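# experimental coordinates for this protein are included below, preceded by the sequence.
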Amino acid sequence: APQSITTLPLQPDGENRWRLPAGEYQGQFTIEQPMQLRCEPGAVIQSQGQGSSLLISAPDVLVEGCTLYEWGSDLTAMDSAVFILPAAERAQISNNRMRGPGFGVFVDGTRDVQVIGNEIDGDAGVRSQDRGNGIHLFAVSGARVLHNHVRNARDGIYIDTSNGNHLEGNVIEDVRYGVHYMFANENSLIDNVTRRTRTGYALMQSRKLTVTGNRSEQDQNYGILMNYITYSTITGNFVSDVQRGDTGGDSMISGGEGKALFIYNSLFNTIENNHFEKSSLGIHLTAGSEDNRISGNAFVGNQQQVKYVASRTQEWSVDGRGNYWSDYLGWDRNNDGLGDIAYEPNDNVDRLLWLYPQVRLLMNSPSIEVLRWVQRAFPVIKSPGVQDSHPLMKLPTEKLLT
Amino acid sequence: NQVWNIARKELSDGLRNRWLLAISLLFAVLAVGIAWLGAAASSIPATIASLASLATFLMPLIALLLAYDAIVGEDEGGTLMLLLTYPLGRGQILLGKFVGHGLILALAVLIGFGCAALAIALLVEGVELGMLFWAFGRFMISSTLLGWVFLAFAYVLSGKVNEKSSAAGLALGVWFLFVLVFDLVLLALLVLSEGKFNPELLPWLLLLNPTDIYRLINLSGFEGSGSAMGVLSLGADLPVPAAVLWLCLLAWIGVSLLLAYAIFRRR
Amino acid sequence: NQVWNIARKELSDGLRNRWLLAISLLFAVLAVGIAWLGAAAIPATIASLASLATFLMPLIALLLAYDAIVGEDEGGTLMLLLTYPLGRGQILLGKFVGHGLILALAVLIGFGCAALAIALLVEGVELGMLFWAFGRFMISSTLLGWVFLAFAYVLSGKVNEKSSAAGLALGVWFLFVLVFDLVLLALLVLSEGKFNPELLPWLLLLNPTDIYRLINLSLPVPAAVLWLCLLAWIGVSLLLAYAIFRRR
Amino acid sequence: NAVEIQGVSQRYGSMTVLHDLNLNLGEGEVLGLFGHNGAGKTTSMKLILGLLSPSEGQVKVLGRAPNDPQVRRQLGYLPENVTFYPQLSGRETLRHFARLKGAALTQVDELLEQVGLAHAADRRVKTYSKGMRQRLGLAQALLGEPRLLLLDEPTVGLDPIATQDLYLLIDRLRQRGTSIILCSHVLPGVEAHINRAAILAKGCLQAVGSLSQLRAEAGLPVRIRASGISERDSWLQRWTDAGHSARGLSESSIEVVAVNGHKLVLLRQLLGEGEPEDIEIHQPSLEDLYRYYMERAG
Amino acid sequence: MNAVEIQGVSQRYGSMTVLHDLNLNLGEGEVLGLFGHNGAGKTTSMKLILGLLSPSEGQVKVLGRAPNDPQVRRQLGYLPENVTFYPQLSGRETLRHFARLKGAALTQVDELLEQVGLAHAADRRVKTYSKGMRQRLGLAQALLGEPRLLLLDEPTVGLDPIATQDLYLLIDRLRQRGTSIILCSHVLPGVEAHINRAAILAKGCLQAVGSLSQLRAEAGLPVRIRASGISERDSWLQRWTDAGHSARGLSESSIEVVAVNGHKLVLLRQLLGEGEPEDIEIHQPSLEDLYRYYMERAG
Ligand SMILES: [Mg+2]
């Protein structure tokens, strides 16, 4: 395992700035001195398939313009492409191309690391169980990972116990999980795009974080999965066409019919102005996750809007303004934005289908069509559901489809 | 009096109708069952809006089962031409049938909402007995009036027709139009226009349907949630008080009984 | 053959029934109004058309034939017809042919304008799939109607008056459409320790309204068993009606 | 003088379905209206009952107006077909009509035994035959001493033992002073009990008067048949000498169509020569008189 | 060849025998009248001639065959009482329906519509028909084909006496061809001029059968001699009381004599020989009076 000084870098400027010329290289490399090295676009630093290719151990290293290829795959010995030590504070990893079967950007114990504008193509043949993480972050405070392009890794941008960091504008395509969160209290992520993914956004046990403006295009079985998130903020997310499928490993999630949002034991969080579009389930609300501000979203095109297997009432409108529902057959007499009648998304016969799947054979029966009318006429048999007084009449998310 | 002598017949002829006593016991076993489900769920505006919807489906049904063959059932039975050769008038053998069939509906709902009150005072512990007597007294003296409307509706469609098989088609037509078509015509007019057809005329169309004036009387104090009403959430836009809603229910009797008498006078 | 000479009567007498033509127009209007709100707003609208024809095609069949046997007995023509060169089989089977071709025409005005409202309001409906999903729909709606036609012959031969025949035709319509499936749901949500829910996909075969929907929603059995179980509901209840009609 | 119809020419729909019938009915007579079941007979039936207004003419029932309540307690109307009230009983139907007509309620128990219906009293009218409902229909017609019966075909669906007992009940009321109108179509048999027939056809009242008057004002043949004569070949000719057709159908079945102007010399032909067995002098019956006047009108 | 040979039947329902030892023989051209009450004595004996019932202890031979053969029922008319046809069908289409069932030619429908007097009301619904108008339609289906046996159960109910005499003129036209028919009627005055042999039967049994000359000879019934002003009522009331006959004391100038019809050959000789016969009517005891006697002979 050689070092970065064992190459031939031509210095453009004498402020610890280096520039590697065009031409291929071989083997692992190690940065031990604060060198702000750039690269020409023909600098294909190709490892042989073992070890961490570009290990960084010095603080304030502005790695720029490299092109890494074929590093290791030993996930137990954590063979990354860009290994960044805890002593390597304020590292900048700008505009890089990566192709290899392990970790793309593994950082741990770092502060103010910047992972900007990279293209991390993971794998093609591995079964999405040993591909390694795209941008792995392990307990970092201050990080700024912005506008990268992760493709075909394992669980996308994995984040474990990292406190304060932003994830702005990065596109994540054909991976297992889009963005994975593990105990990342007081986090933030803006405008990310996840495409064709077995879970678009994994939000597991991370509190107080801001999830804003993110996009989930044609993901599989879980649009935004939130497990045990408290005091969070879900404003402006666009989750579109969550088809059914399975993750293949069933480690932290299970297989789903396609849920644009799955709320599991998340007590307090503001879920406003979102757009859950054309999935099988618009939102799944578990029984333990109750009394949180869910107002202003757009539930359009979903085959079933809310799944709420409970008998507790759940008002879904804070400050008198509710959500837009596509199947809301209501009117608006006094010309404000709100509807006049409340909207119950679930019947009693719409929750017998969740309890007993054999009622799907009886779902076209006239007696069910009688029982849908008996609930609309006799509200004593109506179980207390997930209604919202004053639902919206028009789309509030006129900007999120762009 | 001659108005009571033919009322005493229909009081003793309607109570031998086995189709009446089936659907008047069905009104009793559902008003107990709704008031028990309104007791097991404890709400208060949901057990009023379901009882008022129960008497919307059944008190027009008992009224139209009674009186669809009141005039034409005597005309093709031969006993109407005989009755005019008795010392009577056409106004006495109609008002007498209205008094005779009206005391059945006054007894079919005193059985129904009487046991609905006894399935609350013996079920809900600590209920307000003053509020129970007033709310279910308002259910008793207004489901008769809804019943007396459809009783007087049935005299209109009996004097006009000349065959009892076509009177049963019109009585089924009146029961379908006023109960669950006018509630759906007004709903489809509100859905397809998104409440922008007329923001001031549309609550006044509830007064052209006596089942909607009946629902607006009982849901006066116990308004509650808006989705429990449906198209009766338009009644909050009505500036008329509750006493005028009693008077428009009585005017639906007297207009459709004077129409029932003017049709029967040229039978 | 005298099975057709009495069938031409029931065509000519059934098509002038004012009660049938009101409902058959209302069946054809509501089949357009479901197809209007299913095309402008195809398995989602052919299932809502199946819930319409489970309501009304038992009601159309029971409006035709609740007074087929006992309506002729009250009219006195049944006693007259048995003194003609006519068996009791040819009167019943000839009424089943005559009333059968009425609701074989009432689905061609019912679904002939419903499939016209789908093929002309989607503009790209791919009509090769339409004429097989509606060809399976018009055939299976007649066979559902022919069950309740044969159910109406069972209750007509049993009663002695025309007024109690309509009280049973309303009772057969309530039991076989929306009381049998309500006690199937009540066997689920109120009984769970001794009610196997795997048995319930087989318990739909004891209900011809349920077998009607299962061959418009495509299940432990294949499709061909349900067609031979829908025809078995015709053949048993017609044989039951002939056994009742021979004991008058 | 119970029913005094004078000059009435009833118009409805500009059709003029009745014209100028002068039908005076005595205070003890049994009139018989013998029109068809069309707008000639049943319109004049509705005029006497008071449920129709006589256009261009006056109807005086019992000396007063036909729609007064004081005379309508004195009427009795047996209608055509009255399946009355199938869920009510027999006593309760008749107690209902006794309360309407002002009759005493003690008359109900002695009218369900006067008419043969005490076995079917307190039994429902749906369990009644057609003859038992005509018994009930008669029972409300005799309710509270009626001074004018009006029976519209009372002997249809009725046994001939009961039909003969009904006409004795008619003849009981004739002696009591109650005028009876028999709008009937069972014309053979009714001619022995009525006092005056009234054959009306196409609105115009064709003939009125007693049975002796209808045979006097209309030349009809008397039908003498002499079954069982000794010699028959000369008896083909011995009656036809004065224009009486000796028509026969058997060995001796000469039903001689006479002229009713030579009844002495034809019977002297029969009783002077030849022995008979069972002569049957058949006077022109009410069937033949109705078939004359309807044929005379068209 | 006798048409109906009811040969000792005994029809029972449960333990009760509603028809016991009935023994009829209707001829080849006779018009027989099954007279009796409307209960199960007559209306089950009407069904054994049809194919509706079976003789429980005997046999019936309709046209020399069993009553339920298809060759029998193509030549067997039957007008039932209280018939109400299909009211939405028309009058011509009802006969066109019934002609196809009996195998009659369709050119006989418009012939029989004119024959019964239904030419004006053809192509009109049966609901807009009168009671007697449907009896003309019910008679017209009985004449379909060439029937050899008619069971006219009450044909003249609700019919005018022009149409009633038109019906019996069709009866005497039919029985000349060889169509032996059966009356089951209740209007007993009027039928006796066309009934070939009455068949008055009680609750269970068959009381009397035979012609009108045979019923009057067996059942001793008195002749109803009526006169009007021969000489004087009071001078003639005394004469029958010594001779043993009943002289009814009528109101004025009218002599009604209820005589015992055994001496009335020479009793009418003295009645003619002393006064004018200007209004007399000697009536033999009618079928209404014969049925009144035979109901008291059993019951
Ligand atoms: Mg609003």
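Perfect, I can see it now. Numbering: from 1, shown residues only, chains lettered A, B, ... in the order given.

# which parts of chain D are helices?
D:41-49, D:69-72, D:90-100, D:130-139, D:160-176, D:211-216, D:263-272, D:286-297 (DSSP state H).

# domain parsing of chain A, as residue ranges.
As given by automatic domain parsing, the domain ranges for chain A are A:4-347, A:348-384.

# from the stretch 101-250 of chain A, which residue is nearest to chain D?
residue A:244 (62.4 Å; CB to the nearest CB). Where you see a C-beta, it was placed from the backbone N, CA and C, and this is true even at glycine.

# list the contacts of that residue.
Applying CB atoms under 8 Å, 6 or more residues apart in numbering or on different chains, we find residue A:244 in contact with A:220-221, A:255-258, A:280.

# report the two of those residues separated the most.
Pairwise distances across the contacts of residue A:244 peak at 12.4 Å for A:255 and A:280 (criterion: CB to CB).

# looking at the two, which one has more neighbours?
Taking other CB atoms under 10 Å in any protein chain shown, residue A:255 and residue A:280 do not tie; residue A:280 has more neighbours (18 against 14).

# for stretch B:258-267, which outside residues touch it?
B:71, B:75, B:80, B:90-91, B:94-95, B:152, B:155-156, B:159-160.

# hey, where'd the helices end up in chain A?
For chain A, helices defined by DSSP H occupy the ranges A:349-355, A:366-377.

# TSV for these, including mean neighbour count and distance to chain C?
Shown next, in TSV, are the helices of chain A (neighbours: other CB atoms under 10 Å in any protein chain shown; distance: least, CB to the nearest CB, whole Å):
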stretch	mean neighbour count	distance to chain C
helix A:349-355	17	6
helix A:366-377	18	4
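
# residue of chain A nearest chain E, please.
Going by CB to the nearest CB, chain E is nearest to residue A:366 of chain A, at 30.2 Å.

# can you pull the contacts of residue 132?
If you meant another chain, say so; for now it's chain A. Residue A:132 touches A:73, A:75, A:79-80, A:101-104, A:122-123, A:153-154, counting by CB under 8 Å, 6+ apart.

# wait, chain D was what I had in mind.
D:117, D:120.

# ok, now how distant is it from residue E:194?
Between residue D:132 and residue E:194 the computed distance is 30 Å (CB to CB, to the nearest Å).

# before we move on, what about residue A:299?
In terms of CB to CB, residue A:299 sits 89 Å off from residue E:194.

# go on, residue A:233?
107 Å.

# just residue A:214 next, same as before
105 Å.

# I figured residue B:148 hits residue B:251, correct?
No: using CB atoms under 8 Å, residue B:148 makes no contact with residue B:251, being 11.9 Å away.

# between these two, what contacts are shared?
Shared contacts of residue B:148 and residue B:251 (CB under 8 Å, 6+ apart): none.

# compare neighbour counts for the two and give me the winner.
residue B:148 (25 against 15).

# thinking again about what came up before, in TSV: the contacts of residue A:244, plus distance to chain D.
Output for those, formatted as TSV (distance: CB to the nearest CB, whole Å):
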residue	distance to chain D
A:220	69
A:221	66
A:255	65
A:256	63
A:257	59
A:258	62
A:280	58
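
# most neighbours, which of the residues you listed?
Highest neighbour count within those: residue A:221, with 26 neighbours (other CB under 10 Å).

# ok, that one - contacts?
Neighbour list for residue A:221: A:198-199, A:242-247, A:253, A:255-259 [criterion: CB under 8 Å, 6+ apart].

# mind running it again at 7 Å?
Residue A:221 makes contact with A:198, A:242, A:244-246, A:255-256, A:258, according to CB atoms under 7 Å, 6 or more residues apart in numbering or on different chains.

# what do you get for residue D:199?
So residue D:199 contacts D:34, D:206-207, D:290, D:293 (CB under 7 Å, 6+ apart).

# residue A:327: which of the residues you listed is nearest?
Using CB to CB, residue D:34 is the member of the contacts of residue D:199 that lies nearest residue A:327, at 75.4 Å.

# state the distance from the closest one to chain A.
For residue D:34, the distance to chain A (CB to the nearest CB, to the nearest Å) stands at 60 Å.

# where do the strands of the stretch 51-200 of chain D begin and end?
Ranges of strands in the stretch 51-200 of chain D, per DSSP state E, counting those that start in this stretch, are D:58-61, D:75-78, D:148-152, D:179-183, D:196-201.

# just name the most buried of those.
Scoring those by mean neighbour count under mean count of other CB atoms under 10 Å in any protein chain shown gives strand D:179-183 as the most buried, with a mean of 25.

# which helices and strands does it pack with?
Here strand D:179-183 touches strand D:30-33, helix D:41-49, strand D:148-152, helix D:160-176, going by 3 or more CB pairs under 7 Å, 6 or more residues apart in numbering or on different chains; DSSP states H and E.

# for the ones you listed, which one sits closest to residue B:227?
With CB to CB as the measure, helix D:41-49 is the member of these nearest residue B:227 (59.7 Å).

# quickly check: that closest one near chain E or not.
No: in terms of CB under 7 Å from any CB of the partner chain, no part of helix D:41-49 sits within range of chain E; the closest distance is 10.7 Å.

# give the buried residues for that helix.
D:41-49 (16 or more other CB atoms under 10 Å in any protein chain shown).

# so which of the residues you listed is the closest to the ion?
Using CB to the ion, residue D:46 comes nearest to the ion of the buried residues of helix D:41-49, at 63.5 Å.

# ok, back up a step: residue B:112 is nearest to which of the domains of chain A?
Comparing the domains of chain A by CB to CB, domain A:348-384 comes nearest, at 15.0 Å.

# save the helices of chain D as CSV, and put in distance to residue B:244 too.
Output for the helices of chain D, formatted as CSV (distance: least, CB to CB, whole Å):
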stretch, distance to residue B:244
helix D:41-49, 46
helix D:69-72, 41
helix D:90-100, 40
helix D:130-139, 50
helix D:160-176, 60
helix D:211-216, 72
helix D:263-272, 89
helix D:286-297, 66
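
# nearest approach to residue B:104 belongs to which of the ones you listed?
Once those are compared by CB to CB, helix D:90-100 is nearest, at 16.6 Å.

# what lies in contact with that closest one?
For helix D:90-100, the surrounding residues in contact (CB under 7 Å, 6+ apart) are B:2, B:5-6, B:9, B:12, B:86, B:88, D:84-85, D:105, D:107-108, D:111-112, D:117, D:120-123, D:125, D:136, D:139-140, D:143-144.

# export that helix as PDB, just CAs?
Output of helix D:90-100 as PDB, limited to C-alpha atoms (Å, rounded to 0.1, in the frame of the first residue of the first chain):
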ATOM      1  CA  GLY D  90    -117.500 -10.400   8.800                       C
ATOM      2  CA  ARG D  91    -118.900  -8.700  11.800                       C
ATOM      3  CA  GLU D  92    -116.400  -5.900  11.800                       C
ATOM      4  CA  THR D  93    -117.100  -5.100   8.100                       C
ATOM      5  CA  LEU D  94    -120.800  -4.900   8.900                       C
ATOM      6  CA  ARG D  95    -120.300  -3.000  12.100                       C
ATOM      7  CA  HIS D  96    -118.200  -0.500  10.100                       C
ATOM      8  CA  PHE D  97    -121.100   0.000   7.700                       C
ATOM      9  CA  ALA D  98    -123.600   0.200  10.500                       C
ATOM     10  CA  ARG D  99    -121.700   3.100  12.000                       C
ATOM     11  CA  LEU D 100    -121.500   4.900   8.700                       C
END
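
# and it, how far from the chain's centre?
Computed by CA atoms, centre = their mean, to the nearest Å, the chain-centroid distance of helix D:90-100 equals 27 Å.

# next one: stretch A:5-23
Averaging C-alpha positions (CA atoms, centre = their mean) puts stretch A:5-23 37 Å from its chain's average.

# what residues sit buried inside it?
Those would be A:7, A:9, A:18-20, for stretch A:5-23 by 16+ other CB under 10 Å.
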